[PDB]
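Some notes on the structure that comes next.
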């Protein structure tokens, strides 16, 4: 496993995540450890003016579901998120 390198510590009830799009567009969102895909997808899709379902979010190369638990998403302070090119965006 990769070295922990110490988390940011910048959290409380929610954690930080850097969403990186295929457009090379990184955006910093605050979400919970157990946050559902809708929270981010709705949020990102909204800021970009794109259909929510047209946005596809993947964590570490696996798709983020609203059913996924914080255990399995293992997200933490300022973690990274991968986004694939939206359907409507092209």
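Any read-out appearing in this document is the output of simple, stated calculations on the displayed coordinates, not a laboratory observation. Using ideal geometry, Cβ is built from the backbone for each residue, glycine included, and neighbour counts are taken over all protein chains shown.
Hey, fewest Cβ within 10 Å first, where do 31, 19 land in order?
Result, fewest neighbours first: 31, 19.
Find how much the distance from residue 56 to residue 4 grows on full extension, using 0.36 nm per residue of separation minus their present alpha carbon separation; answer in nm with one decimal.
Gain on stretching residue 56 to residue 4: 16.0 nm.
Looking only at Cα atoms, what is the convex hull volume of the chain per residue, in Å³?
98 Å³
Measure nothing but the geometry: give the 0 to 90° angle between the long axis through the Cα atoms of 37-48 and the longest principal axis through the Cα atoms of the chain, rounded to 10°.
50 degrees
Could you work out [θ]222 nm for the chain from helices alone, using -39500 (n - 2.57) per DSSP H run of at least four and dividing by all its residues? Round to the nearest 500 deg cm²/dmol.
Here the helix-only value at 222 nm equals -5000 deg cm²/dmol.
Between 12, 51, 38, where does the largest GNM mean-square fluctuation fall for the chain, given springs only between Cα atoms within less than 10 Å?
12
Explain nothing, just the number: relative contact order of the chain, from Cα pairs under 8 Å at least 6 residues apart, as a whole percent.
Across the chain, relative contact order equals 37 percent.
Fewest Cβ neighbours within 10 Å first, please rank 40, 88 accordingly.
Least to most surrounded, the residues fall as 88, 40.
If each residue's Cβ is checked for other Cβ atoms within 10 Å, how do 58, 73 rank with the fewest at the top?
Going from least to most buried by this count: 58, 73.
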